[PDB]
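Within every chain, numbering begins at 1; the chains are lettered A, B, ... in the order of the sequence lines, protein sequences first and strands thereafter. Worth knowing before you read on, the calculation uses all heavy atoms, side chains too, and leaves out hydrogens, waters and symmetry mates.
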Amino acid sequence: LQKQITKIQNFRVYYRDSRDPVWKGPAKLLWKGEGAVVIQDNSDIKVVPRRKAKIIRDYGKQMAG
Amino acid sequence: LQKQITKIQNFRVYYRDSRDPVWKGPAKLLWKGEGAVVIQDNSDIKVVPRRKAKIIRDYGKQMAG
Amino acid sequence: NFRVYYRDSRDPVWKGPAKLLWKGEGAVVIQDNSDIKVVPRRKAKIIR
Amino acid sequence: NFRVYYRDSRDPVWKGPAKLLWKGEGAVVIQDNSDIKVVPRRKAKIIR
Amino acid sequence: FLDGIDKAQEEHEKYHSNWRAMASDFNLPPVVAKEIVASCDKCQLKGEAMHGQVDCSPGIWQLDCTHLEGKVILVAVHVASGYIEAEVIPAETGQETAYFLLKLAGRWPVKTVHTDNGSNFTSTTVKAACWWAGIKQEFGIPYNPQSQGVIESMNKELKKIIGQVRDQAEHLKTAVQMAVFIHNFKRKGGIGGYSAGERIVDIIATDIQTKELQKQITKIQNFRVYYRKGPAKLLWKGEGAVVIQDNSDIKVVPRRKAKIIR
Amino acid sequence: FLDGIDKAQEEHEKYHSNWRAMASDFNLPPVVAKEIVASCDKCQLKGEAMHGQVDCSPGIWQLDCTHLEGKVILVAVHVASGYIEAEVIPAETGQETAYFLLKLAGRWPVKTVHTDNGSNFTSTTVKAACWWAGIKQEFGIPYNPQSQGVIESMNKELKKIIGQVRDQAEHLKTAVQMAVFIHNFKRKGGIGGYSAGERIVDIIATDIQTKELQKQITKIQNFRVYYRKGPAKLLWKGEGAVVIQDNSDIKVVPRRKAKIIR
Amino acid sequence: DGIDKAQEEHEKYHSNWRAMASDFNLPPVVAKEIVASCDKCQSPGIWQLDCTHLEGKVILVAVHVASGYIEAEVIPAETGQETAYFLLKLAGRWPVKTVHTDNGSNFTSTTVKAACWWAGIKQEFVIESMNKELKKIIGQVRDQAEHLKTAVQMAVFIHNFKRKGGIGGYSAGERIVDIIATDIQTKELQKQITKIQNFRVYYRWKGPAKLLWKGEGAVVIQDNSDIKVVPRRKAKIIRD
Amino acid sequence: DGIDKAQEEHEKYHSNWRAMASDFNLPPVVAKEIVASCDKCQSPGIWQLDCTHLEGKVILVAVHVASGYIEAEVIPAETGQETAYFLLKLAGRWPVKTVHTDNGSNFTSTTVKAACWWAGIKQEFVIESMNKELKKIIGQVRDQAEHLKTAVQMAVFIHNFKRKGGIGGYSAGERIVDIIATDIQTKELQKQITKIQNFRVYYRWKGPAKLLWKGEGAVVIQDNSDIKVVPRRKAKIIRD
DNA sequence: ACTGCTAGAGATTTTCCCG
DNA sequence: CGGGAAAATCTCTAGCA
DNA sequence: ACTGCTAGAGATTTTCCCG
DNA sequence: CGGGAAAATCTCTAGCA
Ligand SMILES: Nc1c(C(=O)NCc2ccc(F)cc2F)c(=O)n(O)c2ncc(CCS(=O)(=O)c3ccccc3)cc12
Ligand SMILES: Nc1c(C(=O)NCc2ccc(F)cc2F)c(=O)n(O)c2ncc(CCS(=O)(=O)c3ccccc3)cc12
Ligand SMILES: [Mg+2]
Ligand SMILES: [Mg+2]
Ligand SMILES: [Mg+2]
Ligand SMILES: [Mg+2]
Ligand SMILES: [Zn+2]
Ligand SMILES: [Zn+2]
Ligand SMILES: [Zn+2]
Ligand SMILES: [Zn+2]
């Protein structure tokens, strides 16, 4: 369970707010629902809509991690 | 002479730099030439081209001054 | 209640006022002369 | 010496390279095939 | 300045002054002159200076027909990744669009398709192919191509790449597929320094893996949270915050304020 | 990675990869992949992401013909102030443009006129009227209306105001002059909270008054400055800086660094 | 502090508020109140319109009577429609407030009356000497143009910007620009006075003084027809 | 610090670097070097192409042999022009590296050879069972479509996303997405290894160790075929 | 060697007004 | 000094063929 | 009830690399 | 810690009918 939580926290999320057209950086994924995505960006827990988020696992993880 | 210098310093200049499209605020006019305008904005003496400057005497000088 | 003035379809003339039925992020749903229209918020102005 | 690639007149195709004769704030004067053209800097790219 | 309101109104019915002109000429406060402007129906001629934000889900695709050399190219983009699929079609009918869309849905997991209100996409033929493949159809607001701002942008980029490889091929369809190759695999940059094909594989694999991981997390982490109230589904127990979901509302709570039972 | 340079070149001649794709695929540093892209003539397809800045002098005017209701409106704007002068003309010839321009130069101190390359403005008739009135003619770069971005913007605004007063008049020329009235005197806002007529009166009066004040200052303040060198015209002696002019170069100098003689 | 010196120089010289607000670095409302409390002391918008006749054509001439700045057009007919078009053009070009005409059939038309009503121009019922000078310049420059209206606009150019005179040696365009800048300053001072004529200040607590200036740290008021400067926290301003 | 535990679990179990880089929070170059120094241990781009015949029409079928993901088109003729078009479409859609064909006249054409040369596809000279399953699904869904190519694309949909099986119960589309994501990770690790295979590190000063990882405060090197972690200032990295 | 700008609509910051 | 409130400024967009 | 975006070109900030 | 240098990020534009 805790290993699966740390596994799902390895994914990066690129998100946007409602009136800012630029994409915010790689937030840490905390929870994924069907319509909402709970992330941690800039040590702030945020709730993004599912339509406003691109969740990847950046495969330049072969250096960092 | 000094009264004429303080008279010419009462005019306000709205200027622009070469790669900033927005108009900077009411700088104090110090010297006016045929192709250059020496101003004092933000306690910084600047030299603006004549084509990049709008020199007015704001007639809402009937309050301040 | 709101008044919406809008720009609709291949027409630079602005219509309105209309009743604001829905205000979403990005677009609005309005009702002008018993006609329901979806207008983007760039082509609409809402006054309370 | 510089190479200027430009976009000239009612034509989406990009021409070049040309010799940069003058680079001003806002526009450039270039020479392509012994033809001197004044191109805005939005429609021109200069490479050293 | 109550007489100034009447005089500013009867000059706004002539000149349609803005609020600053009436506030200067009739000594009105700015709220009163703004109310004189805002009551004139002839002066509401400008919209809100913003832009919307398209649906960047992993299932949404944006389709559009573009034209080049007297031929019609039907293009689709994956909005989350930028992965394109284009094809030169003989005509811009819906019978030829439904074949492209059924083929695309057979290739990739297409969940939603966002088009404009072109007859090709608005037809009953594309409506039956989407019902068969299980695709949801979204249509943009008419005469507003900004709603399709991804695919139209990709239209530009597609034509750009065709202009670089038009001489490497004899027919336009070959150059279109060559440009699809170059965009999907030979142009890197974006959110992960990826090409579009690497990004769509990463996005779809991430969606599958995160759905599996969350389905395995929420079946084992079966807790309830009382904050401030009532029971709530625990979504994420952190060290300084707790994310819950009650009344279909995902809400973040300070760690001082909640406690988790069960 | 020297073999990677050759392989990246021979794949850029096929695919025209950007620099990030070649730097990822062939392990090149970014400067080398950027040099492979920058040597391809087929890949220079984008210009500099900036804009220029038009001449905002007190003497420059920008003229343009716009069209409304099948009629031609010749519009002029004072670029420094926004003051417009428009007139419905019978035809878009240069004989009718030179009359408008000679009339405008008789009304206001017109020193320079910036137009596009319309035949009206490019003619020998407007060239003789400008020579008579002493006006300098500047022409924008062809098929680039951004060079006339003031007057074109005013074109928009002029038509906007005509759309608000089209029903107050019977003919278009009356509504055009009514809109010129409303823009020049009933729309406030800008650099001084002014209307366009107040701003042009302020700008021209300021130009006259500052020219007189500087002509009276520089005939009495006849000094010379040695800084760091050589003699230089003293322009402005301040408390922490000294502005001079030597070799036709206006230069600001610290007060520690210069000393003023004569 | 310079209010006192301005009051003594006004009781000595009866100076305008322009001189007192510049020789003593005063706000113009304070110097305006100094010159307004003195009992000893208790036009830019006027144009004049006429029609001349030359070579069978009719020329509408408008003269700014304060500066001599002319504005003339060859009109196709001496009709109230053409006169209303000329007046609407002139009102959109300059701040016109009153025209003085000569009881002509084209000046008392309903079309000119509606044009003056729309632009806010008073219509009342120098000019002949200006028409004489304009006809002299038209006769001077008639050889330089093919048509008459070109020669009329050339003469308007020469009169407004090439003929100088008066006391300072300025042209008519410089004179109308200075006169209308002075009128803008006058209207801005009247707006600034009307903005604070509805205030009453209670200071030190003595009676309702009238506010003249509200600065960054001090207010300037007038009580018992004499002016005093009060600190900001030692005053209460009530809009009444 | 977890390099030692990973080396002991590899000498016990012969684990892949995927397991060692995840069970011990290692960089993948370090676990790759652990599994590469072990002497005991010393396909996603392959497609297979065929042409089937149904109702007098010819169907080009490409099968990803690692996942079973099919891609089929009714082509108007069994011509190398149509085959080259199919291959260029497939190469633009998926990362194709090798196709396996059956020495046909349309597969050994010069047009297909030029298409494989342009897209960088090796051409070498499962598939029949996949054609049998695809023909079974086409016969299942032939009643739902008017034309054959619609039924072929419907069967490609049903095979790739509606038929599940294998060990995990995944469809062919999920399997090809996981396989190609694994290939992207493999190519990224090879790029990361090739980026630092040209470096030599002098540490503590002992000999030229090879660099495995250069972190924020420490470097990880391998000297004398054993791995050690060194501080950043106690190492000198020379590109040679 | 020449050149985007302008005004309005919201949003956010900054200054004022008295306690 | 401290909150509201109002003014000022910043951001951003259409339309100009 | 729906919605501008994308990639390149410079400019500026930020991080790295050794002393 | 300190300069260069290089990478990263920010800004901004055309074209998409
Ligand atoms: N296109 C013209 C626009 C225009 O596009 N406005 C939209 C626009 C878009 C962007 C922007 F920033 C501002 C902007 F206004 C325009 O406003 N005006 O006034 C024009 N006047 C005349 C001619 C034809 C020149 S020519 O054919 O006679 C020739 C050219 C060169 C050499 C010889 C002859 C074109 C135009
Ligand atoms: N105008 C179209 C553009 C376009 O303008 N691109 C330029 C552009 C400008 C700005 C921007 F942000 C992006 C952008 F691309 C376009 O790209 N596409 O694909 C279109 N496809 C089809 C139709 C006709 C719709 S209809 O007549 O069939 C109808 C409408 C409503 C109801 C019924 C029928 C128009 C367009
Ligand atoms: Mg379309
Ligand atoms: Mg389109
Ligand atoms: Mg033009
Ligand atoms: Mg124009
Ligand atoms: Zn109005
Ligand atoms: Zn290239
Ligand atoms: Zn007096
Ligand atoms: Zn092993």
Counting side-chain heavy atoms from C-beta on, which of [options] comes nearest to [X]?
X        : options                : result
F:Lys46  : I:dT3, K:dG4, K:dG8    : K:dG8
D:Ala27  : I:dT3, K:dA1, L:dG15   : I:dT3
B:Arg19  : K:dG10, I:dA9, I:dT6   : K:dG10
G:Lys236 : I:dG19, K:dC17, K:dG10 : I:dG19
G:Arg232 : I:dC2, K:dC17, I:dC17  : I:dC17
F:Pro30  : I:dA9, L:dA7, I:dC2    : L:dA7

Taking atom types as they are modelled, is there a donor-acceptor pair under 3.5 Å from the base of [N] to the side chain of [X]?
X        : N     : result
E:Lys156 : K:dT6 : no
A:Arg51  : K:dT3 : yes
E:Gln146 : K:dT3 : no
E:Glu157 : K:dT6 : no

Determine the Euclidean distance between corresponding [atom1] atoms of [M] and [N]; express it in Å to zero decimal places.
N      : M      : atom1 : result
L:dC16 : I:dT3  : P     : 24 Å
I:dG4  : L:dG15 : P     : 13 Å
K:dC5  : J:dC12 : P     : 14 Å

* Asked: Dot-bracket, DNA chain L: Watson-Crick or G-U, under 3.5 angstrom, [ ] crossing, | other strand?
  -> ||||||||||||||||.
* For side chain to side chain contact (heavy atoms under 4.5 Å, CB included), just list the numbers for E:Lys159 and E:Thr66, CA-CA rounded to whole Å, side-chain angles, deciding distance to a tenth of an Å, and then say yes or no. => CA-CA 9 Å; E:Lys159 294 174 144 211; E:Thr66 197; 3.3 Å; yes
* Asked: Can you tell me if F:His51 and F:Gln146 form a side-chain donor-acceptor pair at under 3.5 Å?
  ->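 Absent: no donor and acceptor within the cut-off.
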* Asked: Hey, is the side chain of E:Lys159 poking within less than 4.0 Å of OP1 or OP2 on L:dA17, counting only N and O atoms?
  ->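 Indeed, a polar side-chain atom of E:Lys159 lies that close.
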* **Phosphate-side-chain proximity, F:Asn155 and J:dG15, N/O vs OP1/OP2 below 4.0 Å** =>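 No, no such contact exists.
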* Asked: So, north or south for the sugar of I:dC18, given that a negative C1'-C2'-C3'-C4' angle means south?
  ->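 That sugar belongs to the south family, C2'-endo side.
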* Would you find a donor on one side and an acceptor on the other, under 3.5 Å apart, between the side chain of F:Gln44 and the backbone of F:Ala38? ->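 Judged by distance alone, yes, a pair lies under 3.5 Å.
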To the nearest angstrom, how far is [X] atom [atom1] from [N] atom [atom2]?
X        : N      : atom1 : atom2 : result
F:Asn117 : I:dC2  : CG    : P     : 12 Å
F:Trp19  : K:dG10 : CH2   : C1'   : 14 Å
E:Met50  : I:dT12 : CE    : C1'   : 16 Å
F:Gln148 : I:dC2  : CD    : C1'   : 11 Å

* For F:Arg20, which contact category applies under a 4.0 Å heavy-atom criterion: base, sugar-phosphate, or nothing? ->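 Answer is nothing: F:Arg20 stays at 4.0 Å or more from every strand.
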